[PDB]
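coords_39.pdb, holding PDB, C-alpha atoms:
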```pdb
ATOM      1  CA  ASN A  18       0.000   0.000   0.000  1.00  0.00           C
ATOM      2  CA  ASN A  19       2.424   2.653   1.290  1.00  0.00           C
ATOM      3  CA  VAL A  20       5.327   2.651   3.715  1.00  0.00           C
ATOM      4  CA  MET A  21       3.660   2.880   7.074  1.00  0.00           C
ATOM      5  CA  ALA A  22       5.767   3.238  10.137  1.00  0.00           C
ATOM      6  CA  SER A  23       4.905   2.346  13.700  1.00  0.00           C
ATOM      7  CA  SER A  24       2.944   5.136  15.313  1.00  0.00           C
ATOM      8  CA  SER A  25       4.126   4.832  18.889  1.00  0.00           C
ATOM      9  CA  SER A  26       2.525   6.764  21.701  1.00  0.00           C
ATOM     10  CA  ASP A  27       5.139   9.335  22.823  1.00  0.00           C
ATOM     11  CA  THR A  28       3.003  10.893  25.454  1.00  0.00           C
ATOM     12  CA  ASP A  29       2.176   8.125  27.753  1.00  0.00           C
ATOM     13  CA  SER A  30       0.996   8.748  31.212  1.00  0.00           C
ATOM     14  CA  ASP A  31       2.534   6.820  34.029  1.00  0.00           C
ATOM     15  CA  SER A  32       1.876   9.314  36.692  1.00  0.00           C
ATOM     16  CA  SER A  33      -0.130   9.471  39.812  1.00  0.00           C
ATOM     17  CA  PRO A  34      -2.872  12.190  39.435  1.00  0.00           C
ATOM     18  CA  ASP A  35      -1.665  13.839  42.608  1.00  0.00           C
ATOM     19  CA  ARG A  36       0.301  12.485  45.498  1.00  0.00           C
ATOM     20  CA  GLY A  37      -0.665  15.164  48.002  1.00  0.00           C
ATOM     21  CA  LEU A  38       2.857  15.634  49.261  1.00  0.00           C
ATOM     22  CA  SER A  39       3.860  16.122  45.697  1.00  0.00           C
ATOM     23  CA  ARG A  40       1.088  18.044  44.050  1.00  0.00           C
ATOM     24  CA  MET A  41       2.096  17.600  40.427  1.00  0.00           C
ATOM     25  CA  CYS A  42       1.222  20.198  37.906  1.00  0.00           C
ATOM     26  CA  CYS A  43       1.710  20.526  34.175  1.00  0.00           C
ATOM     27  CA  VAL A  44       4.086  23.220  33.093  1.00  0.00           C
ATOM     28  CA  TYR A  45       3.545  24.546  29.582  1.00  0.00           C
ATOM     29  CA  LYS A  46       5.053  27.240  27.444  1.00  0.00           C
ATOM     30  CA  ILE A  47       2.446  29.381  25.741  1.00  0.00           C
ATOM     31  CA  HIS A  48       3.132  30.735  22.299  1.00  0.00           C
ATOM     32  CA  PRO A  49       3.054  33.214  20.796  1.00  0.00           C
ATOM     33  CA  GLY A  50       4.323  35.353  23.598  1.00  0.00           C
ATOM     34  CA  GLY A  51       6.570  32.919  25.361  1.00  0.00           C
ATOM     35  CA  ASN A  52       4.621  32.806  28.552  1.00  0.00           C
ATOM     36  CA  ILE A  53       5.507  30.105  31.025  1.00  0.00           C
ATOM     37  CA  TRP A  54       2.292  28.892  32.479  1.00  0.00           C
ATOM     38  CA  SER A  55       1.589  26.002  34.752  1.00  0.00           C
ATOM     39  CA  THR A  56      -1.615  24.262  35.723  1.00  0.00           C
ATOM     40  CA  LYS A  57      -2.041  22.002  38.763  1.00  0.00           C
ATOM     41  CA  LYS A  58      -3.567  18.667  37.724  1.00  0.00           C
ATOM     42  CA  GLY A  59      -6.830  17.969  39.400  1.00  0.00           C
ATOM     43  CA  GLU A  60      -7.699  21.572  39.994  1.00  0.00           C
ATOM     44  CA  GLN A  61      -8.852  24.443  37.936  1.00  0.00           C
ATOM     45  CA  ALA A  62      -6.546  27.169  36.904  1.00  0.00           C
ATOM     46  CA  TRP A  63      -7.030  30.399  35.167  1.00  0.00           C
ATOM     47  CA  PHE A  64      -4.963  31.351  32.263  1.00  0.00           C
ATOM     48  CA  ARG A  65      -4.108  34.957  32.887  1.00  0.00           C
ATOM     49  CA  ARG A  66      -3.649  36.645  29.580  1.00  0.00           C
ATOM     50  CA  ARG A  67      -3.307  40.314  28.418  1.00  0.00           C
ATOM     51  CA  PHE A  68      -7.010  41.175  28.670  1.00  0.00           C
ATOM     52  CA  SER A  69      -8.535  37.957  29.830  1.00  0.00           C
ATOM     53  CA  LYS A  70      -8.523  35.112  32.239  1.00  0.00           C
ATOM     54  CA  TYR A  71      -9.545  31.767  30.977  1.00  0.00           C
ATOM     55  CA  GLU A  72     -11.055  29.072  33.155  1.00  0.00           C
ATOM     56  CA  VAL A  73      -9.362  25.782  32.482  1.00  0.00           C
ATOM     57  CA  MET A  74      -8.870  22.618  34.488  1.00  0.00           C
ATOM     58  CA  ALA A  75      -5.934  20.280  34.117  1.00  0.00           C
ATOM     59  CA  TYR A  76      -6.598  16.557  33.985  1.00  0.00           C
ATOM     60  CA  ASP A  77      -4.603  13.916  35.861  1.00  0.00           C
ATOM     61  CA  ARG A  78      -2.983  12.506  32.699  1.00  0.00           C
ATOM     62  CA  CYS A  79      -1.923  16.055  31.864  1.00  0.00           C
ATOM     63  CA  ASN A  80      -4.294  17.657  29.364  1.00  0.00           C
ATOM     64  CA  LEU A  81      -6.527  20.663  29.706  1.00  0.00           C
ATOM     65  CA  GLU A  82     -10.236  21.332  29.657  1.00  0.00           C
ATOM     66  CA  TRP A  83     -11.076  24.885  28.759  1.00  0.00           C
ATOM     67  CA  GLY A  84     -14.419  25.968  30.059  1.00  0.00           C
ATOM     68  CA  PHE A  85     -16.780  28.667  28.782  1.00  0.00           C
ATOM     69  CA  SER A  86     -13.680  30.824  28.608  1.00  0.00           C
ATOM     70  CA  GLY A  87     -13.421  30.059  24.899  1.00  0.00           C
ATOM     71  CA  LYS A  88      -9.666  30.746  24.677  1.00  0.00           C
ATOM     72  CA  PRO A  89      -8.226  31.764  21.264  1.00  0.00           C
ATOM     73  CA  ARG A  90      -7.337  29.210  18.654  1.00  0.00           C
ATOM     74  CA  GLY A  91      -3.973  29.495  17.039  1.00  0.00           C
ATOM     75  CA  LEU A  92      -2.103  29.373  20.272  1.00  0.00           C
ATOM     76  CA  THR A  93       0.551  26.842  20.709  1.00  0.00           C
ATOM     77  CA  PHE A  94       0.785  24.929  23.935  1.00  0.00           C
ATOM     78  CA  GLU A  95       4.185  23.437  24.321  1.00  0.00           C
ATOM     79  CA  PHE A  96       4.368  20.975  27.147  1.00  0.00           C
ATOM     80  CA  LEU A  97       7.510  21.689  29.046  1.00  0.00           C
ATOM     81  CA  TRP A  98       7.424  19.363  31.996  1.00  0.00           C
ATOM     82  CA  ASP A  99       5.522  17.822  34.853  1.00  0.00           C
ATOM     83  CA  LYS A 100       6.611  19.301  38.185  1.00  0.00           C
ATOM     84  CA  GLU A 101       5.288  19.701  41.677  1.00  0.00           C
ATOM     85  CA  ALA A 102       3.642  22.782  43.075  1.00  0.00           C
ATOM     86  CA  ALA A 103       5.363  25.151  45.449  1.00  0.00           C
ATOM     87  CA  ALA A 104       5.450  24.807  49.232  1.00  0.00           C
ATOM     88  CA  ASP A 105       2.124  26.619  49.572  1.00  0.00           C
ATOM     89  CA  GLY A 106       0.602  24.133  47.217  1.00  0.00           C
ATOM     90  CA  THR A 107       0.259  26.299  44.142  1.00  0.00           C
ATOM     91  CA  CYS A 108       1.830  25.890  40.775  1.00  0.00           C
TER      92      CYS A 108
END
```
Please re-express this file's structure in C-alpha cells.
Amino acid sequence: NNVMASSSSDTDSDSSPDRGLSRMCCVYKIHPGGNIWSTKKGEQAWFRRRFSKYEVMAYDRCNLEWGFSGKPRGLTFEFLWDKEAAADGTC
C-alpha cells in the first residue's frame, strides 16, 4: 500500500494524578508570547492573559479542559514538563 511506520505513543501517562505531598502540575510554554504557564492537575486554573482570564482545568494525565472561557485558537501549547507545586501548594 504505502510505507507505514509504527505510530508509537510518545506521550504516555505513568503518573499518579496527585500524590498530596507532591502536588504535580503541568508546566507549559504558551506561544506566541513565550509565557511560562503552569496548571495544577486535578484543579482548575485560570490562564491569565493580556485582557482575559480563561477558566481551564488540568486533567490527571496532563491535558486541559477549557471551560466557557473560549480561549483563542492558534495558540501553541508546548508541554515543558511535569513538576510539583510550590510549598504553599500552588503551581
query: Contacts of residue A:79 at 12 Å or less, counting all atoms listed in the file, minus same-chain residues fewer than 2 places along, as a PyMOL selection string?
result: chain A and resi 28-35+41-45+55-60+74-77+81-82+96-100
query: Between A:86, A:27, A:78, A:19, which one has atoms that come closest to residue A:65, using all atoms listed in the file?
result: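 Going through A:86, A:27, A:78, A:19 one by one, the smallest distance to residue A:65 is for A:86.
Here, the PyMOL selection byres ((chain A and resi 94) around 7) matches residues 45, 46, 47, 48, 92, 93, 95 and 96 of chain A.
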query: What separation in Å, quoted to one decimal, exists between atom CA of residue A:88 and atom CA of residue A:108?
result: 20.4 Å
field: Distance of atom CA of residue A:70 from atom CA of residue A:101, expressed in Å to one decimal place
entry: 22.7 Å
message: When you count only C-alpha atoms, which of these residues is closest to residue A:87: A:53, A:64, A:105, A:22?
response: A:64
field: Nearest candidate to residue A:51 (options A:25, A:39, A:66, A:84; using all atoms listed in the file)
entry: A:66
field: For atom CA of residue A:40 and atom CA of residue A:107, the interatomic separation in Å (one decimal)
entry: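 If I compute the distance from atom CA of residue A:40 to atom CA of residue A:107, I get 8.3 Å.
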